[PDB]
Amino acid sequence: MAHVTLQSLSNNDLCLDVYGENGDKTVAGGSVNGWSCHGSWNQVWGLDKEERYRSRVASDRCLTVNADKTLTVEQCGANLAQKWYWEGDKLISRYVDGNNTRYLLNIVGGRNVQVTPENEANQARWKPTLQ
C-alpha cells in the first residue's frame, strides 16, 4: 500500500487533513477538512483493498462521509460511505441516497472540505501524492 498526501489541484496549497477533536488527532469521529500541506501523519493516507482511505494518525481510522456530507475519521467498516475511487483527478465516494447523484470530494469554501454533488463540485481536483 502506498502512503500518499491528498493534495488539492483546485487550491494553491491545501491537503486533506485530520483536524481531530480538541488537539487530539487520534480520536474516532475526529473532523477532516483542509490545511496547508506539511505531510505529517494527519495528512498521510493509504487506500486499502476495501477502497477505504486509512489515516496514519492511528489504527482503524478511515475517511468517512457523514449524513450531512461532512468528513470525519471513524473505525473501518463495510459501509459505502467509507469507500472511494478515482476518476482522473476526481475522488469519488460510493455513498448513495435518493438524489441520484455521485458525491465528489470538494472544497466548499475556505478550508472546508466535504462531498458535493458531481454537477456542482467546482473545486474537486485532487492529486494522490506519494510520500
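Start at 1 with the first residue shown and count on from there.
**Q** Taking the recorded C-alpha temperature factors, which stretch has the higher mean, 70 to 78 or 22 to 30?
**A** Looking at the recorded C-alpha B-factors, 22 to 30 comes out higher on average.
**Q** Could you settle it for me: does 96 to 104 or 39 to 47 have the higher average Cα B factor in the PDB entry?
**A** For C-alpha atoms only, the mean B-factor is higher in 96 to 104.
**Q** Among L130, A124, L6, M1, which carries the highest Cα B-factor?
**A** The record points to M1.
**Q** Looking at the C-alpha B-factor of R61, is it in the lowest, middle or highest third of its chain?
**A** Ranked within chain, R61 CA B lands in the middle tercile.
**Q** Is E118 in the lowest, middle or highest third of its chain when residues are ranked by C-alpha B-factor?
**A** Middle third - that is where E118 ends up once the chain's C-alpha B-factors are sorted.
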